[PDB]
Number of protein chains: 2
Amino acid sequence: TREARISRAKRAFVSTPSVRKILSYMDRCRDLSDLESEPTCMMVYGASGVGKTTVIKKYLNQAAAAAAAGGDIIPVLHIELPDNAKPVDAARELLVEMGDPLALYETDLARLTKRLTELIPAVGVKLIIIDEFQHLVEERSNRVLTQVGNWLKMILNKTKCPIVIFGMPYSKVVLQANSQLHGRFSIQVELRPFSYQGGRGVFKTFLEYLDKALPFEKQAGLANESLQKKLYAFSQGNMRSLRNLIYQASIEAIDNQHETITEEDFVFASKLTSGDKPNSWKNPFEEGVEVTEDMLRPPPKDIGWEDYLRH
Amino acid sequence: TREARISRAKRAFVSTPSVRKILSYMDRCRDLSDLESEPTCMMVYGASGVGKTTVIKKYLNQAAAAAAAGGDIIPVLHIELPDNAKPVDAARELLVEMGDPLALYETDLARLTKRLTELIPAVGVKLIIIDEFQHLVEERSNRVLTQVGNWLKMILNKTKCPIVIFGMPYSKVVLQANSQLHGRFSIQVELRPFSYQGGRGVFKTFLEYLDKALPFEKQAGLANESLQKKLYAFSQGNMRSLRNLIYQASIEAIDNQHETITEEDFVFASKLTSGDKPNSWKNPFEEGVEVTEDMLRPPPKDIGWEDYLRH
Ligand SMILES: Nc1ncnc2c1ncn2[C@@H]1O[C@H](COP(=O)(O)OP(=O)(O)OP(=O)(O)O)[C@@H](O)[C@H]1O
Ligand SMILES: Nc1ncnc2c1ncn2[C@@H]1O[C@H](COP(=O)(O)OP(=O)(O)OP(=O)(O)O)[C@@H](O)[C@H]1O
């Protein structure tokens, strides 16, 4: 098995230009906010499985590895909002995250704000990052709760720490609720999936950078004339499922004697990870499924919005 | 009676490949976690009576027999969470378990964390194992409490000891509560019951290894053409009830003159241990009950989830 090759095949990262555009903007946000005056407050979108958490873990690596190895400073922070977040609920988890506090046996929402606003200059927080903004909409109706939104405006105007919010593409109507939240968050971006399969794409260079990143030491055989056809036939532009199927083929090749990912084990990888796909999506690998041109069609605009049509 | 034969008939263990897969993964977790950097933190599932406690007692035998006979080291630990566990409640029982402390007349949850984090390198804990993770969901509603979850993340990030959590299959939504708990627990497995009765199963080899493991010195007569039919008719794939009925037949055979388990005393064993079964489950042994093919049907996916539908 040689589990080093397995973990080294799973932990692989390809920097598409949108990702480095993002990380450049967050360093821009980090040492552009001067902690004297009003911050910049970027907002990042992206659908399910487009690489968001990988982006922020890249960011806390390249921004906080040496400063977390040096001492208890914690300049950048990483937060997910729990579902249907009460303002005291999000505030207390954001508080027990940073520092070494006890911090949550009292739930009073004024005195823990006191403790968090005295601690946010005490350890020297350079940036606060929130992962999951779509948790503030109701399940069965599309009312949105902005107790946490006005609380986040309060902690923004209290201490001038920059905030970078990630979230689903349907989570922006929450920002359409509070207009002061809408104006305070100026930079919204678009981390949409891979667009086309027609040729000379960013998809190409991503694919062959992943190919040299793979643990097989000669060639992976991928990013070819017909392979990206069935690859884009399998995953829409969907980064998580593409990488998942690729990893599930790579483990199958390293289970036995195999020199590269080839045409006997990539099929069984299509057999496993075909579960999340819809019924009208077509299964292209086993016996005779040639792929029409309309099925490599680019992803629509409401690609991170199908959590929202039904209600 | 000859109670040696009774205890030697009760304490019998058959290593199906999923069990040795597990124990290989926990030795992998034990001396893969280096106690310098971030651990691996496996999670194990399994329904009621699938052999979990037997697996961990096998593990503390084969991992800690000689080191517990040598001195007070206690490298591996065994913990069950009490029901509706307060963080101080789970922490104090995890504390009085290891070492020889007094440890629970104070319930302060900061200073006992102090004592436990100075003691976890003092005795040299190699691994902490928790049995019962399903105790953190509410009875009447499906709110889950994650005071203990964030406390377990705290003790995970404080000292870098690997943690192996066992639990019910419906207990994974608790891990879906905290996303940092979800990401910190990477390896989740599937200890599901025995799948089919159709032939050439793992069930076969398990059955005849149990047959040679039985105290009768010629043959047990089991694992035959028609016996596994009524065996899988009695127990679904359910290891506890299968082993229980087998033991209740073996005691009945050794109560009087009997040379093997046979067709007069195995019936009375079906008479006793038919209580836990549902009403629509069919009782197949007494007079004329031939078993249809649909009743050897494989167990469903929500087989460890019927504690969860009603609320
Ligand atoms: N730039 C990249 N290069 C290689 N693999 C990537 C890249 N970005 C993401 N992946 C893969 O995609 C998978 C999904 O990542 P991630 O969870 O960050 O997406 P996401 O949009 O945050 O999904 P979710 O929002 O549901 O968490 C990861 O397992 C990772 O291996
Ligand atoms: N590999 C095995 N070989 C033989 N017997 C076994 C094996 N595994 C389990 N058993 C039998 O199954 C019974 C139930 O064991 P165990 O309690 O570990 O299951 P469990 O899933 O932990 O149940 P619970 O979770 O309710 O404690 C035991 O009495 C044991 O005799």
# chains A, B, ... in the order shown; residues from 1 in each chain; ligands from 1
>>> residues_near_ligand(ligand="ligand 2", cutoff="10 Å", atoms="only C-alpha atoms and all ligand atoms", output="PyMOL selection string")
chain B and resi 9-20+45-58+131-132+166-168+191-193+206-207+209-210+213+238-244+246-247
>>> interface_residues(of="chain A", to="chain B", cutoff="8 Å", atoms="only C-alpha atoms", output="MDAnalysis selection string")
chainID A and resid 80 82 102
>>> atom_distance(atom1="atom CA of residue A:291", atom2="atom CA of residue A:211")
23.1 Å
>>> residues_around(residues="residue A:94", least_positions_apart="4", cutoff="8 Å", atoms="only C-alpha atoms", output="list in words")
residues 79, 90 and 98 of chain A
>>> closest_residue(among="B:297, B:249, B:183, B:218", to="ligand 1", atoms="only C-alpha atoms and all ligand atoms")
B:183
>>> residues_around(residues="residue A:299", least_positions_apart="3", cutoff="9 Å", atoms="only C-alpha atoms", output="ChimeraX atom specification")
/A:192-196,236-237,296,302-303
